[PDB]
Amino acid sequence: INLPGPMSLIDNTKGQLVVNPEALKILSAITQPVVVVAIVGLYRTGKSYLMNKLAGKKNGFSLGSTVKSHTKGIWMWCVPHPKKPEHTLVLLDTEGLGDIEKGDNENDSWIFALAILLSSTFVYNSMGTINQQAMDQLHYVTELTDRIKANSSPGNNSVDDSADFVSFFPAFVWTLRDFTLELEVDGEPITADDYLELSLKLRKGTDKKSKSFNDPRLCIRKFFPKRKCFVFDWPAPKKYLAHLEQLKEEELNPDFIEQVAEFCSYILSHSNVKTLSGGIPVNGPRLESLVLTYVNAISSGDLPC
């Protein structure tokens, strides 16, 4: 109808971070309540492919093919909510997450915390089994988000252990890609949610370097008390992964088809209308005011995030 295709919301393509006045203009005109889904993860891990499946439209995001490996940004695509009439689904696709283990450039990395704080549901996307690097990566953006939260008006006086925090801050979904691991414990099979809870399991009482072990896991667990995990096989034999989008659905792996259907159905039925601290529903212009408020507080701010 009137909602256009993906556009930059904020990126650093040409020098420094710039907010796209055209993206605010689009948000300003979205009078309907919005459901906001943000996705964060390393370059070319299939983030855009998955967000395009949520939108159910052609000509969606292609960040892995058109953004350079060093750019950071948030890209926005608003569509009618595929399952909730008179609701708009706001898709926030991001790029430029750095690998902390390799000392990747962290300048402007606060925009990934921004994407999380704008979201109804935050999707963290990584390849393979849950390993130390993926955990450390998640821990970094969680600490950054908590820092920005603790120090800005939208998040002020909303302690992580309260019920307001649990209810009105973003739900969390970890998507694991090219995942071939057997979801088994002692011959007995376990779910992907089970796998995630196991990876976040706390050492019970253990203390010398056991309560050091719990610290990053407790940070994640308490910042994201609403958690879900989805696993995705290779989409298709590697031969064909160059341009997955061009493949016909019947040429995908059948388990991948089911795994994408499951993810999409969960997100589109379970992600709530974005809400402020306190429960106030958020619509287009209200989201735009959140963007402005955060960007100004972080720009004008004194301390590092």
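Each residue number is its position in the shown sequence, starting from 1.
Quick one: say whether 204-212 or 103-111 has the higher mean Cα B-factor in the deposited entry.
Taking the mean C-alpha B-factor of 204-212 and of 103-111, the larger value falls to 204-212.
Quick one: say whether 177-185 or 153-161 has the higher mean Cα B-factor in the deposited entry.
Higher mean C-alpha B-factor in the PDB entry: 153-161.
For the listed residues 274, 47, 243, 53, which one has the largest C-alpha B-factor as given in the deposited model?
In the PDB entry, the greatest C-alpha B-factor among 274, 47, 243, 53 is found at 243.
Sorting the chain's modelled residues by C-alpha B-factor, tell me whether residue 98 ends up in the lowest, middle or highest third.
Middle third, going by the recorded CA B-factors of the chain.
Of the three thirds of its chain by CA temperature factor, lowest, middle or highest, which one includes residue 137?
According to the entry, residue 137 has a C-alpha B-factor in the chain's middle third.
Where does the C-alpha B-factor of residue 85 rank in its chain, lowest, middle or highest third?
For residue 85, the deposited C-alpha B-factor lands in the highest third.
Based on the entry's values, in what third of the chain does the Cα temperature factor of residue 166 lie: lowest, middle or highest?
Within its chain, residue 166 is a highest-third residue by C-alpha B-factor, going by the deposited values.
What third of its chain, lowest, middle or highest, does the C-alpha temperature factor of residue 145 fall into?
CA B-factor rank for residue 145: lowest third.
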